[PDB]
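Read through the structure below, which is laid out as structure tokens, and then see the notes.
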Amino acid sequence: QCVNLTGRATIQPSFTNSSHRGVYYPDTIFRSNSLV
Amino acid sequence: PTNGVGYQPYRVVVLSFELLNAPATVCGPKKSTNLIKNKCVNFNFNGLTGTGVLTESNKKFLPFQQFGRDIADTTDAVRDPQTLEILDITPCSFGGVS
Ligand SMILES: *[C@@H]1O[C@H](CO)[C@@H](O)[C@H](O)[C@H]1NC(C)=O
Ligand SMILES: *[C@@H]1O[C@H](CO)[C@@H](O)[C@H](O)[C@H]1NC(C)=O
Ligand SMILES: *[C@@H]1O[C@H](CO)[C@@H](O)[C@H](O)[C@H]1NC(C)=O
């Protein structure tokens with residue numbers, strides 16, 4: 001059973017920086033001791 | 001059933017397969033031979049063919065790594081998937097003979 005939430009707080013976003021985060025692997029190809 | 005061959009059903013299997021450095025999952029019917037560990041041979045471990053000398057190696061692989069790589073795009077080490085050992089690969093050709 002789902003309930004429409006009561007006592008909310010008019011949700012608003014803060015803002016900050018991602019810095020050097022979120023880096024992942026662009027491809028499935030294996031690379032070792034590389035610089036691509 | 002009695003329609004033109006262009007209107008008759010066709011079954012399509014789109015076998016999308018990827019080969020990575022992960023342990024091999026599906027392999028061909030090729031029969032596994034013995035292992036020669038001091039001679040220049042033609043080797044084919046998991047479809048990765050080559051020509052070289054296989055030797056006992058002390059390099060450490062990741063638990064799911066099947067082959068290593070050199071600075072160039074040449075596999076210098078391969079994990080033999082039967083014994084799970086790590087074999088160094090050396091070129092048959094010796095450069096330097098004058
Ligand atoms: C939550 O509010 C929406 C907006 O009227 C309404 O359509 C929906 O039925 C409500 N949810 C419940 C569980 O009553
Ligand atoms: C995040 O970036 C803003 C510029 O948009 C800067 O004013 C702020 O100091 C930065 N925060 C940190 C922790 O570096
Ligand atoms: C592979 O099969 C051979 C022959 O049955 C056996 O000697 C060897 O231990 C097996 N290796 C693995 C990892 O199952």
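Just remember, in the structure tokens the first chain shown is A, the second B, etc., residues are 1-based per chain, and ligands are 1-based in the order shown.
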
**Request:** Using only C-alpha atoms, find which residues of chain A lie within 9 Å of chain B and jot them down as a list in words.
**Result:** residues 28, 29, 30, 31, 32, 33 and 34 of chain A

Write out the residues from the selection above, keeping N, CA and C atoms, as a CSV table (one decimal), in the first residue's frame.
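Dumped to result25.csv:
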chain,number,residue,atom,x,y,z
A,28,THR,N,34.8,-1.9,-22.8
A,28,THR,CA,35.1,-3.2,-22.2
A,28,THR,C,36.5,-3.7,-22.5
A,29,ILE,N,37.2,-3.1,-23.4
A,29,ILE,CA,38.5,-3.5,-23.8
A,29,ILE,C,39.5,-3.4,-22.7
A,30,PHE,N,40.3,-4.5,-22.5
A,30,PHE,CA,41.3,-4.5,-21.4
A,30,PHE,C,42.5,-3.7,-21.8
A,31,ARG,N,42.9,-2.9,-20.8
A,31,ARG,CA,44.1,-2.0,-21.0
A,31,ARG,C,45.0,-2.1,-19.7
A,32,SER,N,46.3,-2.3,-19.9
A,32,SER,CA,47.2,-2.4,-18.8
A,32,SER,C,48.4,-1.5,-19.0
A,33,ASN,N,48.7,-0.7,-18.0
A,33,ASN,CA,49.9,0.2,-18.1
A,33,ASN,C,49.8,1.1,-19.3
A,34,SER,N,48.6,1.6,-19.5
A,34,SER,CA,48.3,2.4,-20.7
A,34,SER,C,48.0,3.8,-20.4

**Request:** Residues up to 7 Å from ligand 3, counting only C-alpha atoms and all ligand atoms: could you list those as a PyMOL selection string?
**Result:** chain B and resi 81-84

Selected residues, C-alpha atoms, written as a PDB file, in the first residue's frame, please.
ATOM      1  CA  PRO B  81      42.510 -22.637 -18.157  1.00  0.00           C
ATOM      2  CA  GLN B  82      43.000 -26.335 -17.338  1.00  0.00           C
ATOM      3  CA  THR B  83      45.846 -26.191 -14.811  1.00  0.00           C
ATOM      4  CA  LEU B  84      45.047 -22.510 -14.014  1.00  0.00           C
TER       5      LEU B  84
END

**Request:** Using only C-alpha atoms and all ligand atoms, find each residue with an atom at most 10 Å away from ligand 2 and format the answer as a ChimeraX atom specification.
**Result:** /A:15-19

**Request:** Please extract the residues at most 12 Å from ligand 1, counting only C-alpha atoms and all ligand atoms, and provide them as a count of residues only, using the chain letters and residue numbers of this document.
**Result:** 6

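Using only C-alpha atoms, the nearest neighbour of residue B:45 within the list B:58, B:89, B:63, B:3 is B:89.
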
**Request:** To one decimal in Å, tell me the separation between atom CA of residue B:77 and atom CA of residue B:24.
**Result:** 16.0 Å

**Request:** Could you tell me how far atom CA of residue B:55 lies from atom CA of residue B:88, in Å and to one decimal?
**Result:**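 Separating atom CA of residue B:55 from atom CA of residue B:88 is a distance of 5.1 Å.
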
**Fill in**
A straight line from atom CA of residue B:90 to atom CA of residue B:33 spans 19.8 Å
